[PDB]
S.K.: 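Before we start, here is the structure in question, set down as structure tokens.
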Amino acid sequence: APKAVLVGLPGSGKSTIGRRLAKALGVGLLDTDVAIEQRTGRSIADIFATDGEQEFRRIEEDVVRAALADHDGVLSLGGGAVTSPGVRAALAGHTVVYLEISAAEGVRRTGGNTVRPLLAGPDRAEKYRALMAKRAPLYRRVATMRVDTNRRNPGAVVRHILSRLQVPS
Ligand SMILES: Nc1ncnc2c1ncn2[C@@H]1O[C@H](COP(=O)(O)OP(=O)(O)O)[C@@H](O)[C@H]1O
Ligand SMILES: O=C(O)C1=C[C@]2(O)C=CCO[C@H](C1)[C@@H]2O
């Protein structure tokens with residue numbers, strides 16, 4: 001039972017915030033993207049490219065379930081995990097922190113040479129806004145807490161999370 005589950009588009013800060021957040025709570029960080037790659041011995045890009053997204057979502061869903069059952073620290077889901085309904089159902093009852101980012105900032109923060117099957121040029125920004133439109137509702141439905149990561153330098157993001165995790169709502 002993770003202390004917290006982080007959800008958000010790529011660029012929202014799931015590894016930046018999830019590392020600072022897991023240290024602060026004195027527990028480990030688990031990223032389901034890396035967990036997929038450790039389970040399968042394959043890169044994320046190879047699974048998309050070779051087996052298709054539908055088969056990727058199935059490994060993901062099973063990895064997420066396994067992490068929700070097993071992990072006691074901070075768990076960050078890959079950006080599209082929430083599109084699988086059985087991920088959304090497994091998330092019920094958990095502490096879910098939606099990292100909210102704008103398009104322009106998400107795009108800016110994701111502009112390096114990381115391989116992203118669903119977020120490649122040209123028109124990468126237009127893709128990101130399609131991902132947002134599609135997924136923002138899904139993140140809102142599963143989240144038990146929403147945090148703007150736009151301006152906030154990370155340590156302030158984390159501080160906000162901690163004090164919100166401690167008090168009732
Ligand atoms: N609160 C923040 N402020 C500024 N930059 C951030 C913040 N959170 C993450 N970043 C930066 O944005 C990029 C994407 O970070 P990452 O944490 O991997 O996002 P995700 O893991 O959701 O894709 C990194 O270069 C990181 O330094
Ligand atoms: O937003 C996505 O669908 C994905 C985001 C990632 O977390 C990031 C990089 C590679 O693409 C897939 C799928 C990963 O799960």
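One is the number of the first residue; the rest follow in order along the sequence. Counting starts at 1 for both ligands and their atoms, following the listed order. Computation of the quantities below employed the complete heavy-atom set of this structure, encompassing side-chain atoms and omitting hydrogens, waters and symmetry-equivalent molecules.
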S.K.: Report the C-alpha separation of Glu126 and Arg129 in whole Å, then their side-chain angles, then the decisive distance to 0.1 Å, and conclude whether the salt bridge (charged side-chain N to carboxylate O under 4.0 Å, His left out) test is met.
M.R.: CA-CA 5 Å; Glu126 175 177 334; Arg129 302 189 279 270; 5.7 Å; no

S.K.: Go through ligand 2 atom by atom and flag the ones less than 4.0 Å from a non-hydrogen atom of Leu118.
M.R.: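 With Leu118 as reference, the close atoms of ligand 2 come out as 3 (O).
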
S.K.: Any idea which protein heavy atom is nearest atom 2 (C) of ligand 2, and the distance to it?
M.R.: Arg135 NH1, 3.4 Å

S.K.: Begin with the C-alpha distance, continue with both residues' side-chain angles, and end with the deciding distance and a verdict on side chain to side chain contact (heavy atoms under 4.5 Å, CB included) for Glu100 and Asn150.
M.R.: CA-CA 7 Å; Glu100 269 183 272; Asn150 269 290; 5.6 Å; no

S.K.: Quick check on contacts: which atoms of ligand 2 are under 4.0 angstrom from a heavy atom of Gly78?
M.R.: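 Selected atoms, number and element: 7 (O), 15 (O).
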
S.K.: Looking only at protein heavy atoms, which one is nearest to atom 27 (O) of ligand 1, and what is the separation?
M.R.: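 Of every protein heavy atom, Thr16 OG1, 4.0 Å lies nearest to atom 27 (O) of ligand 1.
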
S.K.: Looking only at heavy atoms, is any part of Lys127 under 4.0 Å from ligand 2, and if so is it the side chain, the backbone, or both, or is it neither?
M.R.: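 Within the 4.0 Å criterion, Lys127 makes no contact with ligand 2.
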
S.K.: Within the structure, is a non-hydrogen atom of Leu9 found at a distance of less than 4.0 Å from ligand 1?
M.R.: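 A heavy atom of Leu9 does come that close to ligand 1.
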
S.K.: Tell me, with the steps shown, if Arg124 and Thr110 meet side chain to side chain donor-acceptor pair (under 3.5 Å).
M.R.: CA-CA 10 Å; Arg124 204 170 58 78; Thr110 54; 3.0 Å; yes

S.K.: Just checking, is any N or O donor in the side chain of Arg88 or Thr83 under 3.5 Å from an acceptor N or O on the other one?
M.R.: no

S.K.: Where on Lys14 is there a heavy atom closer than 4.0 Å to ligand 2, on the side chain, on the backbone, on both, or on neither?
M.R.: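 No part of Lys14 comes within reach of ligand 2.
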
S.K.: Given side chain to side chain contact (heavy atoms under 4.5 Å, CB included), test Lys3 with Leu21 step by step and report yes or no.
M.R.: CA-CA 10 Å; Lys3 297 201 169 200; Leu21 184 69; over 6 Å; no

S.K.: For ligand 1, which atoms, with element, lie under 4.0 Å from some heavy atom of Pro154?
M.R.: 1 (N), 2 (C), 3 (N)

S.K.: Looking only at N/O atoms, are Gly79 and ligand 2 under 3.5 Å apart anywhere?
M.R.: yes

S.K.: What protein heavy atom sits nearest atom 1 (N) of ligand 1, and how far off is it?
M.R.: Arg152 O, 2.7 Å

S.K.: Using a strict cut-off of 4.0 Å, indicate which atoms of ligand 2 neighbour a heavy atom of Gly80.
M.R.: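 Once the distances to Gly80 are compared, the set is 1 (O), 2 (C), 3 (O).
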
S.K.: Nearest 0.5 Å, please: how far is CZ in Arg152 from CZ in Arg159?
M.R.: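 Nearest 0.5 Å value for the CZ-CZ distance: 9.0 Å.
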
S.K.: Hey, which of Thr144, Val64, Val5 is the one that makes side chain to side chain contact (heavy atoms under 4.5 Å, CB included) with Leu91?
M.R.: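 Checked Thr144, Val64, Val5 against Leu91; only one passes side chain to side chain contact (heavy atoms under 4.5 Å, CB included): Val5.
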
S.K.: Between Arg39 and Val34 (side chain of the first, backbone of the second, donor and acceptor by atom type, cut-off under 3.5 Å), is there such a pair?
M.R.: no

S.K.: Nearest to atom 14 (C) of ligand 2 by heavy atom, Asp33, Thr83, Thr32: which?
M.R.: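 Comparing heavy atoms across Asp33, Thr83, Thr32, the nearest one to atom 14 (C) of ligand 2 lies in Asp33.
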
S.K.: What is the nearest protein non-hydrogen atom to atom 5 (N) of ligand 1, stated with its residue, atom name and distance?
M.R.: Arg109 NE, 3.8 Å

S.K.: To check your reading of the model: name the closest protein heavy atom to atom 23 (O) of ligand 1, its residue, and the distance in Å.
M.R.: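 Its nearest protein heavy-atom neighbour is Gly11 N, 2.9 Å.
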
S.K.: Between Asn153 and ligand 1, does any nitrogen or oxygen pair lie at a separation below 3.5 Å?
M.R.: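 No: no nitrogen or oxygen of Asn153 is under 3.5 Å from one in ligand 1.
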
S.K.: Quick one: which of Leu6, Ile161, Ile101 gives a side chain to side chain contact (heavy atoms under 4.5 Å, CB included) with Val147?
M.R.: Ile161

S.K.: Quick one: which ligand 1 atoms are inside 4.0 Å of a heavy atom on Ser12?
M.R.: 22 (O)

S.K.: Find all atoms of ligand 2 within a distance of less than 4.0 Å from any non-hydrogen atom belonging to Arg57, and give their numbers and elements.
M.R.: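 Within the 4.0 Å cut-off of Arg57, ligand 2 contributes 3 (O).
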
S.K.: I need the nearest protein heavy-atom contact for atom 19 (O) of ligand 1: residue, atom name and distance, please.
M.R.: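 The closest one turns out to be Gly13 N, 3.2 Å.
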
S.K.: What is the closest protein heavy atom to atom 18 (O) of ligand 1, and at what distance does it sit?
M.R.: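 Among all protein heavy atoms, the one nearest atom 18 (O) of ligand 1 is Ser15 OG, 2.6 Å.
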
S.K.: Of all the heavy-atom pairs spanning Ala35 and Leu30, show the shortest one and how long it is.
M.R.: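 The pair with the smallest heavy-atom distance is CB-CD1, 3.9 Å.
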
S.K.: Identify the closest protein heavy atom to atom 9 (C) of ligand 2: which residue and atom is it, and at what distance?
M.R.: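 Protein heavy atom with the smallest distance to atom 9 (C) of ligand 2: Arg116 CG, 4.2 Å.
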
S.K.: Any sub-3.5 Å donor-acceptor pair from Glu55's side-chain atoms to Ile47's backbone N or O?
M.R.: no

S.K.: I'd like to know if the side chain of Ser84 and the backbone of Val87 have a donor-acceptor N/O pair within less than 3.5 Å.
M.R.: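 No; zero donor-acceptor contacts below 3.5 Å.
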
S.K.: Is there a salt bridge (charged side-chain N to carboxylate O under 4.0 Å, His left out) between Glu61 and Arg57 once you walk through the steps?
M.R.: CA-CA 6 Å; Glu61 173 169 340; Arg57 301 297 170 205; over 6 Å; no

S.K.: Among all protein non-hydrogen atoms, which one is nearest to atom 10 (C) of ligand 2, and what is the separation to 0.1 Å?
M.R.: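 That would be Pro117 CD, 3.9 Å.
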
